[PDB]
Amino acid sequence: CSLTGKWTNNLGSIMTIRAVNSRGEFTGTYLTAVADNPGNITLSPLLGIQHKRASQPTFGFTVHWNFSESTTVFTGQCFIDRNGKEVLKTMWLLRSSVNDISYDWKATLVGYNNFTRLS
């Protein structure tokens, strides 16, 4: 299971991950299907690390949203079924920008996403 390639998730978002280096580091581009103001969505860079030796590696990455002050992180594992089909099972945290520390409590959304490979 390697992260390199093109992926879609259960919300219809897509991402492309470039080559994974010897340290497990990767870059890519994320197009979310969902946002607070969807008319404002632009492509956003991602940067992460996976484990290299594991056949079904865990990984994490950060998405710097280019159209808001927020940041999302994803972590999960790449699984391979008996037919060679890959799925990324992930959970995420979406951090919004708040004015000061007294508003921190309302700043972090949580959710899930399941990704499959595009063709």
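Start at 1 and count along the sequence shown; that's the residue number.
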| item | value |
| --- | --- |
| Of 11-19 and 91-99, the stretch whose C-alpha atoms average the higher B-factor in the entry | 11-19 |
| Entry-level comparison of average CA B-factors, 25-33 and 78-86, reporting the higher stretch | 78-86 |
| Out of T58, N40, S44, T72, highest CA B-factor residue | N40 |
| Modelled-residue ranking by C-alpha temperature factor, third containing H64 | lowest |
